[PDB]
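Number of protein chains: 2
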Amino acid sequence: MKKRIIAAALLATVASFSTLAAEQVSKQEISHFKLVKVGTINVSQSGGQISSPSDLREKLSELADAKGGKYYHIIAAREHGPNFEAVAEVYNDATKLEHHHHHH
Amino acid sequence: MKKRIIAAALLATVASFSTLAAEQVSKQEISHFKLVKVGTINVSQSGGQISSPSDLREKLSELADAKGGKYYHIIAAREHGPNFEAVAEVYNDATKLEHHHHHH
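Right, here's the structure in full:
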């Protein structure tokens, strides 16, 4: 797919920005700030649905959007065999969805 | 010589948004997929600069972008007297690439 791949002949491959996707709260923030727990989401797909760590989170936010949460606190993650299981409980900040421009 | 008036494509609209909420990777994915440790960011605040967990997330994303990591991992966001100390490690996908092809 596409052209120009660039082999590993370049010893130094540096990339800044690249539009990050970082957004979640840990056990501390939940207990400290007292967030709004909006339920639970869990991944349970057949093996090759997740080709990389990128795939995983793309399916996590996918479920989070359907829920209407702002963060998800992952509690369990294992391969249960041919199926991959990742369980995360969903939290919102102090209200329903911060940053009032993400509606689609 | 064989004139056949064929081929009609009414293809319209291809919107690339997918801009959701709630992302980031946790401990299990890091240890499982073996993610790229790109460093550690410490959010050191004094007084009431941060009002909500949202603002913390803002600063976490701010620092991670400039570090070259897509996801952070909060290991301890706590208060230190008049100061606020949030310790988060920065991780990038085990591939160093992105969802886009070629920029450099």
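Chains Z and B, in that order, give the protein sequences.
Mapped onto the working numbering, the consecutive letters of the first sequence carry residue numbers 1 to 104.
Mapped onto the working numbering, the consecutive letters of the second sequence carry residue numbers 105 to 208.
Virtual Cβ for every residue (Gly too), placed ideally from N, Cα, C.
Cutoff 8 Å; reference residue i; Cβ partners in own chain excluding five residues on either side
{"i": "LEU35 (chain Z)", "result": "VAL25, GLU29, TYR71, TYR91, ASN92, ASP93, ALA94"}
{"i": "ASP55 (chain Z)", "result": "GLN49"}
{"i": "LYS27 (chain Z)", "result": "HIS73"}
{"i": "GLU79 (chain Z)", "result": "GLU85"}
{"i": "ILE6 (chain Z)", "result": "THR13"}
First through last residue of the alpha helix (DSSP H) which encompasses residue i
{"i": "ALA168 (chain B)", "result": "157-171"}
Terminal residues of the beta strand (DSSP E) in which residue i lies
{"i": "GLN149 (chain B)", "result": "140-150"}
{"i": "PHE188 (chain B)", "result": "187-196"}
{"i": "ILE75 (chain Z)", "result": "71-79"}
Contact check, residue i vs residue j, beta carbons under 8 Å
{"i": "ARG4 (chain Z)", "j": "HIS206 (chain B)", "result": "yes"}
{"i": "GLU23 (chain Z)", "j": "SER165 (chain B)", "result": "yes"}
{"i": "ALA125 (chain B)", "j": "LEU97 (chain Z)", "result": "yes"}
{"i": "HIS73 (chain Z)", "j": "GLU89 (chain Z)", "result": "yes"}
{"i": "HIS136 (chain B)", "j": "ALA77 (chain Z)", "result": "yes"}
beta-carbon residue i near the ligand SAH non-hydrogen atom, thresh 7 Å
{"i": "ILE6 (chain Z)", "result": "In terms of ligand content, the structure shown is empty, and the ligand SAH therefore cannot be addressed."}
Spatial neighbours of residue i in its chain, beta-carbon cut-off 7 Å, leaving aside the 5 residues before and after
{"i": "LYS37 (chain Z)", "result": "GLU89, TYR91"}
Residues near residue i by beta carbon distance below 6 Å, same chain, minus five either side
{"i": "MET1 (chain Z)", "result": "none"}
{"i": "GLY47 (chain Z)", "result": "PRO82"}
Three-pair Cβ contact test at 8 Å for the segment 167-175 of chain B versus the segment 9-29 of chain Z: Contact holds between the segment 167-175 of chain B and the segment 9-29 of chain Z, because three or more Cβ pairs, one in each stretch, are under 8 Å apart.
Validate contact between the segment 186-195 of chain B and the segment 142-162 of chain B using beta carbons, cut 8 Å, 3 pairs: Contact holds: three or more Cβ-Cβ distances are below 8 Å.
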